[PDB]
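Heads up: the structure comes next, in structure tokens.
So this is what it looks like as structure tokens:
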């Protein structure tokens with residue numbers, strides 16, 4: 004099945020998922036000089052005060068922090084969006100070394116990691132229905148650089164030892180995703196896709212300009228995770244990023260001058 008190796012990685016995905024060669028694939032390189040300021044874009048509204056995290060999962064690709072999405076508890080609105088989008092999960096993509104790891108790039112710069120907060124449009128009732136719509140999902144993307152520790156990340160880091168291998172989960176209640184956001188909510192936005200199979204072209208991307216800082220020790224803990232299951236040959240969970248895809252007939256818009 005798909006993964007990140009030489010034999011199953013991103014250049015192979017098109018054989019099982021032909022939309023991989025589609026018109027609105029993600030990630031992309033954000034050319035800061037050609038993204039245009041759009042004064043019609045609104046500030047983003049991130050309302051995570053009542054978010055209810057439940058569990059963390061090693062799915063064999065990354066780890067997912069899952070939320071209770073059975074009410075409007077953690078919602079994204081505004082920005083480029085029409086209506087209300089509910090938080091369902093977050094996850095990261097990261098590198099083997101600090102010079103790579105992000106999916107989006109900024110003027111070809113790769114960050115050490117990238118966080119995706121995934122939200123689905125409430126007008127479609129559930130996530131599985133939402134991913135079938137061109138405006139079904141809104142993903143908030145946040146870059147990670149290595150420097151000072153991010154205190155709000157440490158609870159995640161702490162728990163990773165308990166989910167080392169594919170298929171392991173653990174209770175992860177009471178985690179506050181607000182502690183993962185940068186100070187500014189300035190963003191770029193464009194229409195794209197999920198960055199893992201099935202690669203569905205259902206996402207409004209909102210990529211924050213300001214990276215968060217995490218420490219080398221935090222990132223190093225991500226790189227101790229395993230893509231394999233218990234008792235199988237160890238293959239470190241690193242380099243679980245899809246490279247930038249062709250922009251095609253798309254515009255990237257900036258919320259800021």
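Residue numbers (the UniProt record's numbering): 4 to 260.
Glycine included, C-beta positions come from ideal geometry on N, C-alpha and C.
Pair within 7 Å by beta-carbon distance, residue i and residue j
i, j, result
"residue 206", "residue 140", "yes"
"residue 215", "residue 38", "no"
"residue 91", "residue 66", "no"
"residue 171", "residue 61", "yes"
"residue 83", "residue 176", "no"
"residue 40", "residue 243", "no"
Spatial distance of residue i from residue j (CA atoms)
i, j, result
"residue 94", "residue 119", "5 Å"
"residue 182", "residue 241", "24 Å"
"residue 17", "residue 121", "23 Å"
"residue 212", "residue 4", "34 Å"
"residue 109", "residue 259", "15 Å"
"residue 86", "residue 235", "45 Å"
"residue 51", "residue 12", "34 Å"
"residue 104", "residue 184", "18 Å"
"residue 78", "residue 134", "17 Å"
Neighbour-count burial assignment, residue i, 16 or more Cβ in a 10 Å radius
i, result
"residue 47", "buried"
"residue 99", "exposed"
"residue 187", "exposed"
"residue 102", "exposed"
"residue 36", "exposed"
"residue 3", "This structure gives no information on residue 3, because the portion of the chain shown stretches from 4 to 260."
Of the residues the options, the one placed nearest residue i, counting alpha carbons only
i, options, result
"residue 9", "248, 253, 238 and 68", "238"
"residue 126", "89, 96, 26 and 142", "89"
"residue 220", "43, 156 and 19", "156"
"residue 286", "138, 97, 194 and 231", "The structure shown does not extend to residue 286, since the chain spans only 4 to 260, so no value can be given for it."
"residue 233", "165, 29 and 204", "165"
* Asked: Could you give the uninterrupted runs of the beta strand (DSSP E) lying entirely in the segment 194 to 228, keeping only those of 3 residues or more?
  -> Here the runs fully enclosed are 206 to 211 and 215 to 217.
* 3-residue-minimum beta strand (DSSP E) runs that sit fully inside the segment 34 to 58, ordered along the chain -> As far as the segment 34 to 58 is concerned, its whole beta strand (DSSP E) runs of at least 3 residues are 47 to 50.
* Uninterrupted beta strand (DSSP E) stretches inside the segment 66 to 92 (no shorter than 3 residues) -> Every unbroken stretch of the beta strand (DSSP E) spanning 3 or more residues and falling wholly within the segment 66 to 92 is given here in chain order: 66 to 70 and 78 to 81.
* Segments assigned beta strand (DSSP E), at least 3 residues, entirely inside the segment 164 to 195 -> Listed in chain order, the beta strand (DSSP E) runs fully inside the segment 164 to 195 are 172 to 174 and 190 to 195, counting runs of at least 3 residues.
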